[PDB]
Amino acid sequence: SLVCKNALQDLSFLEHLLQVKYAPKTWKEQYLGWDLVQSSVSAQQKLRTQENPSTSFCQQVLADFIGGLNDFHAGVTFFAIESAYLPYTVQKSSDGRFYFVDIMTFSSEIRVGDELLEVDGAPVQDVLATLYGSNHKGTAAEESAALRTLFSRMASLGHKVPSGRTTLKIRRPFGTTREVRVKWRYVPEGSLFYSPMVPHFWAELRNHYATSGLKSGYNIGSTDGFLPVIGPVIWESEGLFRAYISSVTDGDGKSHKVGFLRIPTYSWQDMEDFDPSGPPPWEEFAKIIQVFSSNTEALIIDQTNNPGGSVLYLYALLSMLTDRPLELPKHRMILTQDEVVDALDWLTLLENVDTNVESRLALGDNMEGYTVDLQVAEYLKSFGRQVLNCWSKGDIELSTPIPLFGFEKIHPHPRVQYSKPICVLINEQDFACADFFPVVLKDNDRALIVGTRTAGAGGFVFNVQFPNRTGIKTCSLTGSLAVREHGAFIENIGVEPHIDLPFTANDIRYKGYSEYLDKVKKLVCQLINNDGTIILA
């Protein structure tokens, strides 16, 4: 077949792209087993083997390949439009049940709180396994994604787009069984530092959301969470974010002013309702804090469902969530004939900068939120050098561990800091930066991370666009890995919550998240008292 050749062709490219630009290679070779070569063969197999190959099909074939590294940072995208979609949304319960947390608004026999059992005579569980990846590992983070795409399919990512009528065995809340038939909203097919850390995933997902109804607060990076109010609101903010203050009462009857606040995405420009010319979402963040700095005892931060974003804006917000410097880890990275270039600009930009003024003069008054400061210009210099320290050494294959940009540690916003207790909320759908957050805090003991394990560590991604004959718009590959002592940072990929805590079916059933919250408030309260939550009760 003509396609198969071209398929095979563009495949050998991807193969090469893994060896040249995929930092976590060496790593991945251990934990998972994944052996690029013998995986590349399975590719051919599937290709030559198939009857007259479909273009789309080969795309899938390819997608699978990369999507097997089991790295959310890496995968492929194709110039495609074809796509399926059902106006529903679900969440899996602790024990293991599936409830309809939201129906868009097309008013159908289906309503909220309904347990989903089977699709076309197939128990959800099985219907989902089909959606899993190659080296599926049975983790929460994954089970989610699957579900995530259950009712939203994109050819753009190689998903096998369906269409037509379908069954939906939903069990009412009474213990009674019903079966519905619905139609898929189908669509016919017609630098290296400065790259936002986010999974490819989103890029198209984000575009998909806006494009088709689904605007719900259950989707990644929603300005508003999906967690109802934590009690009687005493203060709120009619701003860009979703913030308020409420009075919580412990196990005695003594009131406390607790502060809610949900960072949704770290790629700020993309914040729902953001107006460019006006003030930056980080200047207004500072405000929500200066109002907590004095009118609040504790701070709950919902960071669930965050995609990732700009490493520096993330760095910027921490800057104002602590009165003391925080410890930043190092990353092994890969460097090409252009990150080198990028550094040659840092160095020559602020080569003769001694004063704390010249510092802000050159680099501006702030870098995406974080404040300028000779200390910073001094970080970039030390950065710009290190890049070239690992350039001419025959080690581009994982440069010595280096701190993102010159930054070794965070520095307290010379203007606003939150000296009081903080508790962060996280779950299976927090990526790239969304990890760097709970982690950095938790590695300095500044927060009390609760909820389920993250989605997986961060690192600059490589957005490689290359000429091909198979629709590959782009291929994004992870270009940096976090190190430890002197290395090998893993055995999971995930910041673990101090307090493991899933969503109990009782929470989900009526969108009340009653129990989840209670346990939170408690924890907050034990903190309110002094510091250090003794036991889980």
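Using helices alone, I'd like the mean residue ellipticity at 222 nm for the chain: each DSSP H run of four-plus residues gives -39500 (n - 2.57), total over residue count, nearest 500.
-9000 deg cm²/dmol
Report the calculated FRET efficiency for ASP518 and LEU2 (r = Cβ-Cβ distance, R0 = 56 Å), to the nearest 0.05.
Computed FRET efficiency for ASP518 and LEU2: 0.35.
So what are the ³J(HN,Hα) numbers for segment 44-52, from phi and the Karplus equation (6.51, -1.76, 1.60; θ = phi - 60°), rounded to whole Hz, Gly and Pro as x?
3, 2, 2, 6, 3, 3, 3, 4, 3
So how do 238-247, 209-218 stack up, highest first, on mean other-Cβ count within 10 Å?
Descending packing order for the listed peptides: 238-247, 209-218.
May I ask you to list the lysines whose Cα is less than 30 Å away from that of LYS25, ignoring any residue fewer than eight positions away on the same chain?
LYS5, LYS46, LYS137, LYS160, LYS330, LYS381, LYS393, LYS409, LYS442, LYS473
Among the DSSP beta bridges whose two residues both lie in the chain, what percent are antiparallel, rounded to the nearest 5?
Antiparallel bridges make up about 75 percent of those DSSP assigns within the chain.
Under 4 °C and 1.567 mPa s, how fast does segment 134-208 diffuse according to Stokes-Einstein, given a Kirkwood radius computed over C-alpha pairs? Answer in µm²/s, whole number.
82 µm²/s
So, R0 is 22 Å and r is the distance between the beta-carbons of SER237 and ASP365; what FRET efficiency does that work out to, to 0.05?
Efficiency at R0 = 22 Å is approximately 0.35.
Run through segment 286-354 and list the GluC sites (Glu not before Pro) located in a DSSP loop whose Cβ has at most 10 other Cβ atoms within 10 Å.
Passing sites in segment 286-354 do not exist.
Hey, rough spin-label estimate for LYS215 and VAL112, points 7 angstrom out along Cα→Cβ, what's it come to in nanometres?
1.8 nm
Among all the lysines, which ones have a C-alpha under 21 Å from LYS215's C-alpha, if same-chain residues fewer than 8 places away are not counted?
Within the straight-line limit of under 21 Å, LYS215 reaches these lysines: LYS92, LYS183, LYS511.
May I ask you to order 97-104, 450-457, 487-494 by the average number of other C-beta atoms within 10 Å around their residues, highest value first?
Descending mean neighbour count gives 450-457, 97-104, 487-494.
List the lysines whose alpha-carbon lies under 27 Å from that of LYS254, not counting same-chain residues fewer than 8 positions away?
Reachable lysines: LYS420, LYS519, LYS521, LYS522.
Using the Cα gyration tensor of segment 1-79, with a ≥ b ≥ c the square roots of its eigenvalues, what is the shape: rounded (a/c below 1.5), prolate (a/b larger than b/c) or oblate (neither)?
Prolate, because a/c is 1.5 or more and a/b exceeds b/c.
Please identify the trypsin sites (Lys or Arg not before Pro) of segment 352-421 that satisfy two criteria: DSSP loop assignment and at most 12 other Cβ atoms within 10 Å. Which are they?
Here the trypsin sites (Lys or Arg not before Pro) that fit, given the DSSP loop and packing criteria, are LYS393, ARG415.
Using a cut-off of 11 Å between beta-carbons, work out the net charge of the residues near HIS498 (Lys and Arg +1, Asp and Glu -1, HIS498 not included).
-2
From Cα pairs below 8 angstrom and at least 6 apart in sequence, can you work out the relative contact order of segment 476-537, rounded to a whole percent?
Result for segment 476-537 is 17 percent.
How big is the dipole moment of segment 200-303 about its Cα centre under a simple scheme where the beta carbon of each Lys and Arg is +1, that of each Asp and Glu is -1, and everything else is neutral? Debye, nearest 20, please.
That gives segment 200-303 a dipole magnitude of about 140 debye.
Express in nm, to one decimal, how much length is gained between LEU349 and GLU485 on full extension, taking 0.36 nm for each residue of separation and deducting their alpha carbon distance.
Length gained, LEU349 through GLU485: 45.7 nm.
Compute the projected area of the convex hull of the Cα atoms of the chain, averaged over all viewing directions, and report it in nm² to one decimal place.
26.7 nm²
DSSP loop (so not H, G, I, E, B), at most 13 other Cβ within 10 Å: list which trypsin sites (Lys or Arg not before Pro) in segment 126-180 pass both filters.
Hits after loop and neighbour filter: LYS137, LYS160.
Read the figures in this text as sums done on the coordinates, not as results from a lab. When we count neighbours, we look across all protein chains shown, and the Cβ atoms used for this are built from the backbone with ideal geometry, even at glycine.
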